[PDB]
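These notes concern the structure reproduced below.
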Amino acid sequence: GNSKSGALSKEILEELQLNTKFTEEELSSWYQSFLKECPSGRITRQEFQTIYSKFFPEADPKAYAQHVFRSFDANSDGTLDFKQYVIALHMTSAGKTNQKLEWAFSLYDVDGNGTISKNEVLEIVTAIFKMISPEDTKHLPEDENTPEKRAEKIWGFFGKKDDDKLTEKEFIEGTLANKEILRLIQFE
């Protein structure tokens, strides 16, 4: 409702490597009127994609955000809240509210069952990287440019073979200690 509070969206998203020629005041009028036109703010993929491709073109609508929107839930298509979703898109590079650790497990657990497995982690990694443009994804050093090349760094960090299932509880501890994890785990 407050255009000023809308600026926090452009600045925050900007960091996520996603600029929007749409001024903050504009998104405010569109955001409120998007939620007013629709029931509270329940939109479908067919709709999300449009907004996604209309707001963030160069970003492969099948990279980061796409993976995020699909992580909220979206089981058999149906529809999901756009507001809560937007938060999940911003609650990944901001830093206003305190809680933020155990909150990640949400998009981290694509399926959503209090258990993180290889597959899930493989998705996230790919998503972020997928967003990165090829001609650009080459600049970064090799031996660490493939989604599977890194999946070994993150998953290999914790180290698990028996109870190879990370819960929302340890997910907070395995990170409370090892400080070198906050360096790469950075899921932008």
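When we count neighbours, we look across all protein chains shown, and the Cβ atoms used for this are built from the backbone with ideal geometry, even at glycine. The values are calculated or read from the model by the stated rules, or taken from the named source; these are not laboratory values.
For every residue, the table says whether it meets (1) buried (at least 16 other Cβ atoms within 10 Å of the Cβ); (2) among the charged types (D, E, K, R); (3) not in a loop (DSSP other than H, G, I, E, B); (4) not assigned by CATH to the domain that holds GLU14.
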site: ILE87; (1), (2), (3), (4): no, no, yes, no
site: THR92; (1), (2), (3), (4): yes, no, no, no
site: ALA104; (1), (2), (3), (4): yes, no, yes, yes
site: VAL110; (1), (2), (3), (4): yes, no, no, yes
site: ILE128; (1), (2), (3), (4): yes, no, yes, yes
site: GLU142; (1), (2), (3), (4): no, yes, no, yes
site: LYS179; (1), (2), (3), (4): no, yes, no, yes
site: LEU182; (1), (2), (3), (4): no, no, yes, yes
site: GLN186; (1), (2), (3), (4): no, no, no, yes
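Which count do you get for residues in the range 168-177 that are loosely packed, with under 15 Cβ neighbours inside 10 Å, under 21 Å from the mean Cα position of the chain (by Cα) and part of a loop (DSSP other than H, G, I, E, B)?
Of the residues in the range 168-177, 1 are loosely packed, with under 15 Cβ neighbours inside 10 Å, under 21 Å from the mean Cα position of the chain (by Cα) and part of a loop (DSSP other than H, G, I, E, B).
Taking the range 50-64 as the search range and keeping residues that are without any contact (Cβ under 8 Å) to a residue 60 or more places away in the chain and hydrophobic (A, V, I, L, M, F, W, C), which one is surrounded by the fewest Cβ atoms within 10 Å (Cβ to Cβ)?
If we take residues in the range 50-64 being without any contact (Cβ under 8 Å) to a residue 60 or more places away in the chain and hydrophobic (A, V, I, L, M, F, W, C), then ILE51 is surrounded by the fewest Cβ atoms within 10 Å (Cβ to Cβ).
I'd like the full set of residues that are in contact (Cβ under 8 Å) with a residue 40 or more places away in the chain and in a helix (DSSP H, G or I), limited to the range 9-30.
Within the range 9-30, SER9, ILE12, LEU13, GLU15 qualify.
Condition (residue is more than 16 Å from the chain's Cα centre (by Cα), in contact (Cβ under 8 Å) with a residue 12 or more places away in the chain and surrounded by fewer than 14 Cβ atoms within 10 Å (Cβ to Cβ)) applied to the range 35-42: is it met by at least one residue?
Within the range 35-42, one or more residues are more than 16 Å from the chain's Cα centre (by Cα), in contact (Cβ under 8 Å) with a residue 12 or more places away in the chain and surrounded by fewer than 14 Cβ atoms within 10 Å (Cβ to Cβ).
Only one of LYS138, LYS118, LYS161, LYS83 is assigned by CATH to the domain that holds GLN32 and either loosely packed, with under 14 Cβ neighbours inside 10 Å or under 24 Å from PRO57 (Cα atoms) (or both). Can you tell me which?
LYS83
Could you please find all residues in the range 21-63 being under 19 Å from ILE128 (Cβ atoms) and of a type outside the set (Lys, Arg)?
Residues satisfying the conditions are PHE48, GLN49, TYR52, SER53, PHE55, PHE56, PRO57, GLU58, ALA59, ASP60, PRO61, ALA63.
Taking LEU107 and the conditions (1) over 29 Å from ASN119 (Cα atoms); (2) under 14 Å from the mean Cα position of the chain (by Cα), which numbered condition does it fall short on, given that it satisfies the others?
Exception for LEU107: condition (1).
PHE105 - would you say it is touching a residue at least 60 places away in the same chain (Cβ under 8 Å), touching a helix residue (DSSP H, G or I) at 6+ places or on another chain (Cβ under 6 Å), over 19 Å from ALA65 (Cα atoms) and of a type in the set (A, V, I, L, M, F, W, C)?
Taking the combined requirement at face value, the residue does not satisfy it.
Is it the case that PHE157 is more than 25 Å from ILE43 (Cα to Cα), in a helix (DSSP H, G or I) and free of Cβ contacts under 8 Å to residues at least 40 places away in the same chain?
Taking the combined requirement at face value, the residue satisfies it.
For (1) touching a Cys at 6+ places or on another chain (Cβ under 8 Å); (2) among the hydroxyl-bearing types (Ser, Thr, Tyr); (3) more than 20 Å from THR126 (Cα to Cα), each residue gets a yes or a no:
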residue	(1), (2), (3)
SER9	no, yes, yes
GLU15	no, no, no
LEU18	no, no, no
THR23	no, yes, yes
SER28	no, yes, yes
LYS54	no, no, yes
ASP60	no, no, no
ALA63	no, no, no
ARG70	no, no, no
